[PDB]
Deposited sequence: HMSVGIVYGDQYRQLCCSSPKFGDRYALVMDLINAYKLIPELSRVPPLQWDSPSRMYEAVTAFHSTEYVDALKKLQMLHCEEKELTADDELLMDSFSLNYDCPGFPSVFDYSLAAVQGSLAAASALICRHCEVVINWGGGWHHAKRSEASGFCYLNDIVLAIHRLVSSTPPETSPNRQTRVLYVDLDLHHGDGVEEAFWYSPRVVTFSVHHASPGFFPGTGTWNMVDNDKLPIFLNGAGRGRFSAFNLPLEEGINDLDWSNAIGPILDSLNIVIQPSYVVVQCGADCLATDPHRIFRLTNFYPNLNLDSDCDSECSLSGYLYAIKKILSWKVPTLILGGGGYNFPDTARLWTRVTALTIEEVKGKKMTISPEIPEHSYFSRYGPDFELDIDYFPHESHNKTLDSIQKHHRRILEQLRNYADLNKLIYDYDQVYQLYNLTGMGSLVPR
């Protein structure tokens, strides 16, 4: 069974931010327009019975002072007065500025994603669902005491913490950007293995997930977490097939060696060829019998491990809905076995006009370094397995590449 996080108030809050606008409404309404909702179990966002319980949940990762400042930022933006000099300094000390500004619902908006992803983790733990989707979540850049990349609270870190505290988790980050906040949270933890594939290049946000400065080294975790943070930075312009071939054997080898209890996938849509970043050239194409995204999700779901699928980046809202609608239909198909039939034409619904001018489900796109990374990653995986007394066929894994 496949769950999906939704609710009336949740939708309103997920649509209340200045950067992401009504994206979540387009996503859920396109899923609904394609008649997928009856196949999915609604997972209600988590609520608490007191402010103390909410604070206890969020400060399992974030500092109390950061959570206080974020709540104060919302309060200050609900009045018409400007911030005092001292309040500006306070907000700047948590990077609550620039690309992470305040707005009247900023705390409720950020908290909603946490509520959604925590409920999704719980649904997996109690075996209510085999997969849960949360397209309102996936905010991988937020740090313990710092907003980053329009991520204010790290719903992913909190969801993973709930999963491990119930056990190994494999986290897979498909966003265009490095999953730095999740990687940092579990830097010292061998039980949460993180793997991000992303673009990296000089000056490109957030800057990590690649060689860093003698001669540059690839960091991969620390303490008992040594070798437990994996990264695959890729040059711009990569297409569906090359991205699939780059990530495929890594994913299979991580699953073989780690044998995760849970998989958490961040599925940010900014690798699409039609994202305004214009960096990678992935699609949402799906042969009627191939999108890098759909390739990766189908492979992960074939492992039959309880899986959380989250959203993330994606600044072309209709094309993000086009992709996540196909991910949703694929999840139903792989988990249930029930074939899912999706018309090539966008169905009439509230946001139909946003899919002009051609109103198709396919996005409007005409389609050695990696060998070195594979050897480095395969070596790190062996080192990880040696440090953690795990054993595996050091030949069947090698064969995968």
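Visitor: Hey, which stretches of the deposited sequence didn't make it into the model?
Guide: No coordinates exist for the deposited residues in 1-2, 169-178, 226-229, 306-316, 395-402, 437-447, so these stretches are absent from the model.
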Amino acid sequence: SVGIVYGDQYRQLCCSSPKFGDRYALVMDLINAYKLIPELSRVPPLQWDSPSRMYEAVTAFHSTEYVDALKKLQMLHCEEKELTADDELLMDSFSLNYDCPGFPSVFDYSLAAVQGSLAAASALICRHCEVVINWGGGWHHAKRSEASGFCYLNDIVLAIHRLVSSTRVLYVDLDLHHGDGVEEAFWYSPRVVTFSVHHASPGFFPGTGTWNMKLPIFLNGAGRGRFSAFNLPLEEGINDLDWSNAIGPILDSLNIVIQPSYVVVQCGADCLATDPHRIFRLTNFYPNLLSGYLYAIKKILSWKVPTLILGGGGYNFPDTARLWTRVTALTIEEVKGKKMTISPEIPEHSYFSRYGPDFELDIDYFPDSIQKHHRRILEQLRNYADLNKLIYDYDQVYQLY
From here on, numbers count along this sequence of modelled residues.
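Visitor: Checking the other PDB entries with both flanking residues built, is residue 248 absent in a third or more?
Guide: Negative; every one of those entries includes residue 248.
Visitor: Among the other entries that model both neighbours of residue 226, does it go unmodelled in a third or more?
Guide: No, modelled in all of them.
Visitor: Quick one: higher average CA temperature factor, 152-160 or 256-264?
Guide: Per the PDB record, 256-264.
Visitor: Could you check the entry and say whether 79-87 or 300-308 has the higher mean CA B-factor?
Guide: On average, C-alpha B-factors are higher across 79-87.
Visitor: Say you rank 178, 281, 144, 277 by Cα B-factor from the PDB entry; which sits at the top?
Guide: Answer for 178, 281, 144, 277: 277, with the highest C-alpha B-factor.
Visitor: So if I compare the CA B-factors in the entry for 231, 212, 328, 110, which one is the largest?
Guide: Of the options given, 212 has the highest CA B-factor in the PDB entry.
Visitor: If you rank every modelled residue in this chain by C-alpha B factor, which third holds residue 348: lowest, middle or highest?
Guide: Top third by C-alpha B-factor.
Visitor: Sorting the chain's CA B-factors, does residue 291 end up in the lowest, middle or highest third?
Guide: Its C-alpha B-factor belongs to the middle third of this chain's values.
Visitor: Comparing against every modelled residue in the chain, figure out the third that the C-alpha B-factor of residue 388 lands in (lowest, middle or highest).
Guide: Answer is highest: the recorded C-alpha B-factor places it there.
Visitor: Could you look up the Cα B-factor of residue 223 in the entry and say which third of the chain it sits in: lowest, middle or highest?
Guide: Highest third of the chain for residue 223's C-alpha B-factor.
Visitor: When the modelled residues of the chain are sorted by Cα temperature factor, does residue 323 land in the lowest, middle or highest third?
Guide: Bottom third by C-alpha B-factor.
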